[PDB]
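Included below are structure tokens for two forms of one protein chain, each presented in isolation as structure 1 and structure 2.
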Structure 1
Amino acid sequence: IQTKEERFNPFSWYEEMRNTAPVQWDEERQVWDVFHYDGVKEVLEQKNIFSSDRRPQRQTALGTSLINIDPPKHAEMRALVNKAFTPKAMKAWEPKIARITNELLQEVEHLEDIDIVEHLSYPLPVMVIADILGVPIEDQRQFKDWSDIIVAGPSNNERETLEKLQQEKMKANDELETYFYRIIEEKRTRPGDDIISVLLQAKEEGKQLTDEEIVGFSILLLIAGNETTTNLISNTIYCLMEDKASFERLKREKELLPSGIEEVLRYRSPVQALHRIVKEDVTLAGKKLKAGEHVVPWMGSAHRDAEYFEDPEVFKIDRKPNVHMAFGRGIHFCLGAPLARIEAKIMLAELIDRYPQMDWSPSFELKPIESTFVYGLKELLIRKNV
């Protein structure tokens, strides 16, 4: 067993491992775990040693996307989309984000008790991402189900359990792919002000990319639009409700909201760990990793490392410095980080401004997402207390 509460609070385990053997082979899971900050940093910076190429027996469109390719192909692909996602590119989206936020809040103005997740932190980012891709938000419910399947972790360690899930992932990949091949066809005919059109335009003009590659990137963004920022927002609310002294201070000092969001990214990171494959034999903190072995750098553990974060187990909305790796580190550093920060800020500032006396509803229950790829809650019932 591990109860819900232990699953959502892995930090005692991380600490134990950090202070004994921060690099260690786990026989059961067949991976090298990496728990200390310097190890996580080294694994993620050393792109030519710790590969992001995840080989399966048929590769997917997702397997050709940015997150799963090594240099020199990675730099070429990322080059085609970088300009579209800079901080300054994304400041253009602020007034859109603020309107979606207000529209969502208006829709539940009549409820005294609301689910932060279902009504606010989940819809806002998929509505943004559907506008960015140029796909219809009327398909939101398919998007969510496909995306939850893809990031889903198994309920047990049994094999008829894992193999059923693998199957359900392959089926979701297929349907996602065929969805986006249709979209592509539609856009070749009727382009729009979206990034699928923009990549088709770059393709017609002779940039080196396949239609499968456009599908793969579109899927990556879709899943990102369903499965990351939602948890940053919800987890922030969770942290502020857990520690009311932080919440009371934030309300007095609004300018601390960005710093507080960075301290959620550290303290309750939406992504706890990543995966790499050893390309060639390497020693990492005195351990000898072999070609072809898998490695799991735990950013969630690194973020609690005392050598880099004074009083690590303490949530400090004003924490400085805060050099966390919640978006990764190195060439695969999250493309969406500017968007995620601005979505989170705008939504959280408005929530806090409207409901300063908010607290857990009598119906609240801790329900962690069953996933190793994402870290968050499935629901978060709050009472407004107006």
Structure 2
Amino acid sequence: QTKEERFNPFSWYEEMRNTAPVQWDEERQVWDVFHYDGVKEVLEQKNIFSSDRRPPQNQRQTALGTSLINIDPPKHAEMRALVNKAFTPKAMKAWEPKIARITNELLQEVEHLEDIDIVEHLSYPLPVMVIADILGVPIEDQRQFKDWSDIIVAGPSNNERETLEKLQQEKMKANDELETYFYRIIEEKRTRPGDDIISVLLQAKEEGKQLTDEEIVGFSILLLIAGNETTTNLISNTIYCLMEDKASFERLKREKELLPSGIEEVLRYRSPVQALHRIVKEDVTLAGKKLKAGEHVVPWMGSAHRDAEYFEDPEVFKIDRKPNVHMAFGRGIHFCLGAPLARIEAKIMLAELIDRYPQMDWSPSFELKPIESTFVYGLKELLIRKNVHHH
């Protein structure tokens, strides 16, 4: 449809939530789940709704393919306990100054522009640079790291069938090069450990058990894929919400301590991840519908988040919303282990933007350019005028 309505899937969600919150789509071969309690049930009931998407033996065995997000317990629990040791508040204390520095570097790079793209200049590069730094990627390698990241999330330039195999081949090569890259870093950190996620993971032990090199490679790449574009879209979407609702913008500027809460409302209201994927392990009934083992389930957190039972005045952006029990980071055992990192990246960059440019507004040349996706909700660009030069 239009751009307006690529950035408004919520009307469709409301129709489906108020007619058949659990429904089979025969074309897509999935059960869509639209209502809060259904989405919550699907994500929490891991023994019924599987995350095991490990590729069969006759497909490529990437390290990513058996990484944390694609496995069920007991393996998932063992892996989770180990990688959790790298995402502590202790480690976060070391990450904040790095995030702040990178934020200041990015803002400085475009201080010469009155009109900037939030996406390209700020929210797109921040997560990439942060994750490279805290993983242990040395600064000299960081442009190659960024190029690999760009390829892994690129769209096709044209729809031609051959192009698609091209992009698919470039992504496979980026992944393979990233794997080779991280096996090397792991060797480096095995002899000269550092203050970085890879070093921490090399030393993590939980009941005698340790991560394999492969598992660390696959986790490192997973952090890229799971953490970059999502955090990007949280930051951009937050600016979009504030520019759309100037009263909230003004209020925020007077009550800095509201920013965390305002980000949580963005996580509810313009969720970077709209939906997830599960496979039914056993027959189950949900909203009176009979789901059969092996059938695919798509829970729509984006829709759960508009369910008035849990979010009064769901269509209203409330920077102080309470309660706000959203599932923007998932729910249950697969709950995003980067949620504190994403929250602080968004807080640090947004606070700096709001402090520096309290009069910012849409650029005159703003255009609504949504990411083309049903699972992902965000903007390809977001042109903002700082209003710190004259017109």
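FYI, numbering is relative to structure 1, first residue = 1. Just so we're on the same page, rigid core means the largest C-alpha set that superposes within 1.5 Å between forms.
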*Determine, with the core as the superposition reference, the one member of 198, 220, 278, 296 that shifts its CA by 2 Å or more between the two structures.*
198
*After the core is overlaid between the two structures, has the C-alpha of residue 249 moved by 2 angstroms or more?*
no
_Core superposition between the two structures, C-alpha change of residue 180 at least 2 Å_ = yes
*Does residue 73 move its CA by 2 angstroms or more between the two structures when the core is aligned?*
no
*Taking the rigid core as the frame of reference, how far in Å is the Cα of residue 157 displaced between the two structures?*
10.9
*Provide the displacement, in Å, of the CA of residue 87 between the two structures, taking the core as the superposition reference.*
3.4
*asked:* Please give the CA displacement of residue 357 between the two structures, in Å, after core superposition.
replied: 0.6
